[PDB]
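First up is the structure itself, then whatever we jot down about it.
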Amino acid sequence: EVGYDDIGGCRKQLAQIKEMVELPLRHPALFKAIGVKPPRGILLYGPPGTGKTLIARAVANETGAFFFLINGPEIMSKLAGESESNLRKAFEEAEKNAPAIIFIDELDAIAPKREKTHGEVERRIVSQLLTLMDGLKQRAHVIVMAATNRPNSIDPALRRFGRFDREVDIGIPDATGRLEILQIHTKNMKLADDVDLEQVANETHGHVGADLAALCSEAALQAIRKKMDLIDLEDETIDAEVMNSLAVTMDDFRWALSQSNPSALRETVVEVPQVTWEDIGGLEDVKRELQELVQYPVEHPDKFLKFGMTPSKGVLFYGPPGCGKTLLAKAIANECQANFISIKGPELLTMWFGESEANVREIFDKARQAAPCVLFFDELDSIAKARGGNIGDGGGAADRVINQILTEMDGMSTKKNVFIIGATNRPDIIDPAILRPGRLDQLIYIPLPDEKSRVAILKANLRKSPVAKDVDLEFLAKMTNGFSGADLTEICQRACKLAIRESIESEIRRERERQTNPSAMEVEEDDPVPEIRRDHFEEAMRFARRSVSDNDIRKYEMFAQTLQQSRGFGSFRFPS
Amino acid sequence: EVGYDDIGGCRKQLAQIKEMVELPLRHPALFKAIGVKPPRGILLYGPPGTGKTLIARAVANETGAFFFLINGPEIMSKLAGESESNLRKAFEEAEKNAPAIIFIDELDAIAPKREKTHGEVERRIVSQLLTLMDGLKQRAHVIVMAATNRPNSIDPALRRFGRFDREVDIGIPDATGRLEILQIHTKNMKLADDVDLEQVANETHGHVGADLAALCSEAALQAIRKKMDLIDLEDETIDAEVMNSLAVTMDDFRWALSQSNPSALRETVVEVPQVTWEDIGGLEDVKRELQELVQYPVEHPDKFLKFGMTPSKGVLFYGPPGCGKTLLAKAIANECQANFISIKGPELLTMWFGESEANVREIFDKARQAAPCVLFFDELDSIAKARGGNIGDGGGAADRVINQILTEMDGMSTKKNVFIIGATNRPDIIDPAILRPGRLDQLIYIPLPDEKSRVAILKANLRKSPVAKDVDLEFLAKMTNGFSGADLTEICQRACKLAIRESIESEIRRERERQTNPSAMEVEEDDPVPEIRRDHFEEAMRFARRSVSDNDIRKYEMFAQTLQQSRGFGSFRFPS
Amino acid sequence: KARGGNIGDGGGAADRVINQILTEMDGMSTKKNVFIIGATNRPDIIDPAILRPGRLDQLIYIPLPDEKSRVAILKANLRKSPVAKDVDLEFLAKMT
Ligand SMILES: Cc1cc(OCc2nnc(SC3CCCC3)n2-c2cccnc2)ccc1-c1ccc(S(C)(=O)=O)cc1
Ligand SMILES: Cc1cc(OCc2nnc(SC3CCCC3)n2-c2cccnc2)ccc1-c1ccc(S(C)(=O)=O)cc1
Ligand SMILES: Cc1cc(OCc2nnc(SC3CCCC3)n2-c2cccnc2)ccc1-c1ccc(S(C)(=O)=O)cc1
Ligand SMILES: Nc1ncnc2c1ncn2[C@@H]1O[C@H](COP(=O)(O)OP(=O)(O)O)[C@@H](O)[C@H]1O
Ligand SMILES: Nc1ncnc2c1ncn2[C@@H]1O[C@H](COP(=O)(O)OP(=O)(O)O)[C@@H](O)[C@H]1O
């Protein structure tokens, strides 16, 4: 049957559910001699196709509890006045086979009322379901798990104490989980040796477990269409050996990925960033300060408690564009192995234009659920720029979105895990309230990368590309007196583009040469340009440009010295 | 019966449906020995009258599957409490004749609930239909195809995994498909020799298959009214030979086209542009750059993957009005043979004035479905101009529509096929965020056409018109020192207008001469002006004008040199 | 401050929230128990109607802490933290 092996994604909420349900189910007799209330209901919510029903079935099988599935529309499709009988009989049958697990798939259909509550019979169904759910006499060990797309879609009374008192957001699987899902979905098709499922997994961003299964099936169907159809040898049952002779090639998977259309790309991603400190070449003072502020409270919470100091839970990065603030935030999140949530400027601008700031509440709740997390508000000054910056609106710096963010931060800190990081290229226009204590008070300045930092940035950008050892990278980094990280990335991309164009043009001509003058003996000399050379980099650097002018760096230096530690205490000595 | 021949339009989604359904139906026994999940449901959506039901019937006939049609209002018109019986019996009967195809025409009536979900019984019908659709035990091979005007009109739970997991947008037929539809609808009327169905097809923009059939029927009725009525010889059954003696003339088709009123002209067009590089006389550097950016990643994806470079998926054309940016985008789309979607400025202004930016999401989804596509945002600076440009609003360059476009682009790139092209005549006022990496970063400048380019533009404009060889075109192009493409088009149009007026006036007088002085022998000398002559072009050029002043060209030159590649690296050499 | 402060909106100091607060205060006093305390770092921009009799009329000015006040503030902040007796707090307060 289905078990933990079938449950893919390694998303680490299956472990939480296990810890939740073993003792109530794995050790049911224990609770008989101990006075404790187990989890009467667990609400699994997330994007559709994430395997919530699969997870519930696997838990039921691995714990031995009698699994009962109450399909939402199955009862809803039944005639009014007798569907209530179906729900009551389902609970009674689950009660009989104690311990039992009752799974309500698509719970947002039985009790969708969000206090709007249209209709008459559906109100009866929701109220009777409430009576049954609250009617659990704590006898036996029936655990009621329900599936819902979002927590707010179901009736709020279902979310109350004793009905569904604890919720788990399965969420979209990540690259590691996408790879494991691909492995589980590719185990009987005799996958080819060339295909590794790693490149496909990385390119598979935005898919869900159902999406991964559909992509694998589409690749298999492409393989079946490409071969074994030309022969057209078919019978009632295709020969096992004949079908096994085919191997799903990388090309088939690539085409399937091109024909994927993932079912929820837009959904926000809660993922441990893969970026590491290696990608950023320097910022040692900044790196150590970030390590302090974030890592120290958790690695050594006892020492923070000993001195009675509450660590700051907000940091605001300020600096010129393209210097790596987003990368620095990702790296700091990676070092602590905490989930990273990034709120770019377009999202804030959308909330501001639409006059919908309640999304800030939802974003903060999501960050709270995925703890430990690093809630990063990238380019937080976007709203101020949108309203102006030199003259702006007649009013002050306060705006709806920033006010909601401040309210959530003030109401935050309770969680002890969410850490707010803010990045802004225009510190002058940022609202001052953002910098008050209890908010993003720790201001960190990210300067233009140094020569060593520039070398590291070039190496990180060119790690994947084949770069000839002849081209000296230290010389190029030193040559770039004030290039930003974005400028270095542009130079590397232009060099790669030049190399690609030269290689394409050359092999194309060489193919004419073999079509125009058919050679008697075929002897390919391989690639005329196998790796990026000095001339490519020289031509690319010919177009190198400094995006960040020295005047805006001067303004940042002004603000930095606008956070000046006075000029009279530098020699402070105690009287002794 | 009906087959692929009957299915007209050559819109290339019938091929996709075929690839979808042969093996599940053409080779049903194969899936018995192989563990794979076929397409349980396919959602065909598009404008009404596009032949979705015809396509489903043709697929059922050509694959041998038992076709079952569940009309939307047929079940909806039945009494409450027994319509559910009709749906259940339809599924059971389709189950009996495995393999079978169940077609639900007008699905937006059985399950129209978009979470508004008015009424009581319709909720029962939607829930029971959901139970049946999800109740397919993967046994047999019943495929449920449904028709709907738009994907969002049906209940979202119908769009979920396992109910309708894959969708095909049949869309409006194109000129090639309009011509093929006309051929299929004109095969038993004994079409006349003069009528070719090609001119009618080109002039038939905006019609659907039903519209084409109605136009053909109207032309046939006009032919029947013009002749065979004067004789008035009628009986119980008109003689076949007498009716065959008539031939539908071009005039009848022209009148019918005048009396067409196509049923969805406003619907957005997804069509491979017919424009070619020949229409544009030059821009060789621009042409090669566009070829690189768009064509190279697809023609040689392997070489892009080898160097680990991700090609830019956004290009922003900037230049004076009338220089051919829209034509260049159409030409680049044509070379790659990818669908072209054009979002002109009026659409953006409508979304901005109406405060409805969710249309951007719909537009991007449509572009994603029609892959490969070139999503072109023509005259993207319209919103900035509407808000000002010299002083403008108190706020910055950010606006609702551009912010939504940025959000969609940031959430894009997943598809790997949609390519965003932006054209703007005011690069100074364009939002800077549009040009950031991952957006329309590749800025391409379209200058005023050169002498050779001007010659090519004149030839393209005058290709259809009869132009006498006496009028030298190279001299005219060279004479126009700084005329834009629009100016050259205006000159050609004015010359054609002068020729048309002269021809009309002359033949009108010549007809008086015959009426005033009836000649004894009729001998028409043909047309007094059969082709455009030197004098017509001289008179037209007399009114030639330069729309684009040199000051706005100076501003464009400023911006171009405002993207200056520095002034110190031009001699960069590696140390050796 | 949100509406401005130097130029602000074209209208006066009256705003919806302050007007509602004034209405509630005027309709208050019946309870005999609720006491309204208002804190503001920009007294110049505060609506004058707030200071009329029956409203927050008793204006109290909180000045910067004195040397003794600074010593007390330092002690309160450092009460939980383990502070060595060697570090003199009065000297630090006076120094600031
Ligand atoms: C002991 C303590 C821990 C704490 O929390 C620690 C923590 N855990 N997970 C996280 S989050 C995760 C880590 C990486 C990403 C984010 N954190 C945390 C807390 C603050 C800042 N960054 C992280 C808070 C406050 C206290 C205390 C300090 C003084 C006193 S007394 C009365 O003066 O003696 C009483 C209580
Ligand atoms: C190989 C690849 C193809 C691609 O896509 C190609 C593509 N197909 N259809 C289209 S669209 C259609 C074409 C005409 C109109 C539009 N495209 C496409 C892509 C980009 C720009 N224009 C077209 C993306 C990215 C990659 C890659 C690059 C480096 C690495 S690594 C880990 O550093 O080794 C891994 C993956
Ligand atoms: C006697 C009286 C008490 C009062 O209320 C007292 C009170 N109790 N709880 C509270 S509240 C709580 C205390 C700490 C937090 C808040 N208060 C109170 C009242 C005012 C200000 N602060 C507190 C009002 C008004 C009067 C009177 C004065 C003169 C006359 S005559 C006709 O000229 O002879 C008649 C009636
Ligand atoms: N991590 C996973 N491992 C194996 N199958 C998965 C996984 N995630 C999703 N699936 C697939 O998703 C299909 C249906 O999704 P489901 O489990 O019902 O979630 P939901 O009810 O939210 O749509 C399942 O048949 C299963 O094959
Ligand atoms: N490409 C086509 N070839 C032949 N007939 C077409 C075509 N497109 C539309 N039609 C006509 O459209 C008529 C009805 O349209 P239909 O197939 O039912 O689509 P829909 O259900 O979306 O309205 C059909 O009777 C058919 O004659």
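Every chain in the structure tokens takes a letter, A first, then B, and so on in the order presented; its residues are numbered from 1, and the ligands are numbered from 1 following the presented order.
Inspection of the environment of ligand 2, which uses only C-alpha atoms and all ligand atoms and a cut-off of 6 Å, identifies the neighbouring residues as residues 464 of chain A; 294, 295, 297, 298, 301, 302, 304, 305, 308, 309, 310, 311, 312, 313, 336, 338, 372, 373, 374, 416, 417, 418 and 419 of chain B.
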Next on the checklist: Around ligand 3, out to 7 Å and counting only C-alpha atoms and all ligand atoms, which residues are there? I want them as number ranges by chain.
Outcome noted: C: 32-35
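With distances taken over only C-alpha atoms and all ligand atoms, A:184 is the one residue among A:130, A:175, A:146, A:184 lying closest to ligand 4.
With only C-alpha atoms as the atoms that count, the minimum distance from residue 287 in chain A to the choices A:154, A:143, A:215, A:444 is reached by A:444.
The residues of chain A lying at most 10 Å from chain C, with only C-alpha atoms taken into account, are residues 305, 306, 307, 308, 309, 393, 394, 395, 396, 397, 398, 399, 569, 572, 573, 574, 575 and 576 of chain A.
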Residues as selected, N, CA, C and O atoms, written as a compact mmCIF listing (two decimals), in the first residue's frame, can you do that?
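selection_7.txt, written as the output of this step:
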# COMPACT_ATOMS: atom_id res chain seq x y z
N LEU A 305 19.43 35.14 26.79
CA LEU A 305 18.56 35.19 27.96
C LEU A 305 19.32 35.56 29.23
O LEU A 305 18.77 36.23 30.11
N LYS A 306 20.58 35.14 29.34
CA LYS A 306 21.36 35.42 30.54
C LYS A 306 21.54 36.92 30.77
O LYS A 306 21.41 37.40 31.90
N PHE A 307 21.85 37.67 29.71
CA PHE A 307 22.06 39.10 29.85
C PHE A 307 20.77 39.91 29.78
O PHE A 307 20.82 41.14 29.88
N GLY A 308 19.63 39.25 29.63
CA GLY A 308 18.35 39.95 29.56
C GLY A 308 18.26 40.92 28.41
O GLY A 308 17.72 42.03 28.56
N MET A 309 18.77 40.54 27.24
CA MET A 309 18.74 41.36 26.04
C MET A 309 17.88 40.68 24.99
O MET A 309 18.06 39.49 24.72
N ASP A 393 3.55 63.54 -2.86
CA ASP A 393 2.20 63.93 -2.47
C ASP A 393 2.27 65.05 -1.42
O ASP A 393 3.32 65.34 -0.85
N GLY A 394 1.11 65.67 -1.19
CA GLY A 394 1.05 66.70 -0.17
C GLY A 394 1.24 66.16 1.23
O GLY A 394 1.74 66.86 2.12
N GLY A 395 0.86 64.90 1.46
CA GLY A 395 1.00 64.29 2.76
C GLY A 395 2.42 63.85 3.05
O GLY A 395 3.34 64.03 2.24
N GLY A 396 2.60 63.27 4.23
CA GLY A 396 3.91 62.81 4.66
C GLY A 396 4.30 61.48 4.04
O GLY A 396 3.73 61.02 3.05
N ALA A 397 5.31 60.86 4.66
CA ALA A 397 5.83 59.59 4.17
C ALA A 397 4.91 58.42 4.45
O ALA A 397 5.06 57.37 3.82
N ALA A 398 3.96 58.57 5.37
CA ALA A 398 3.07 57.46 5.71
C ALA A 398 2.20 57.06 4.53
O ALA A 398 1.65 57.91 3.82
N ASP A 399 2.06 55.75 4.33
CA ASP A 399 1.23 55.18 3.28
C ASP A 399 0.53 53.95 3.84
O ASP A 399 0.89 53.44 4.90
N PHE A 569 32.34 61.66 22.32
CA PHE A 569 32.46 60.54 23.24
C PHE A 569 33.53 59.53 22.84
O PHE A 569 33.82 58.62 23.61
N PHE A 572 35.58 58.30 25.61
CA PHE A 572 34.93 58.10 26.90
C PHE A 572 35.69 57.10 27.75
O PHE A 572 35.91 55.95 27.34
N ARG A 573 36.09 57.54 28.94
CA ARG A 573 36.73 56.68 29.94
C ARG A 573 36.03 56.81 31.28
O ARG A 573 35.66 57.92 31.68
N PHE A 574 35.85 55.68 31.96
CA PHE A 574 35.25 55.71 33.28
C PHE A 574 36.25 56.28 34.30
O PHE A 574 37.46 56.15 34.12
N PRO A 575 35.76 56.91 35.37
CA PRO A 575 36.67 57.52 36.35
C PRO A 575 37.27 56.46 37.26
O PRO A 575 36.56 55.77 37.98
N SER A 576 38.59 56.34 37.21
CA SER A 576 39.30 55.35 38.02
C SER A 576 40.66 55.86 38.45
O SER A 576 40.84 56.33 39.57
Next on the checklist: Just want the 7 Å neighbourhood of range 64-73 of chain B, counted on only C-alpha atoms, with same-chain residues fewer than 2 positions away dropped. Output as a list in words.
Outcome noted: residues 25, 57, 60, 61, 62, 75, 76, 77, 94, 97, 99, 100, 101, 102, 103, 104, 105, 106, 107, 109 and 110 of chain B
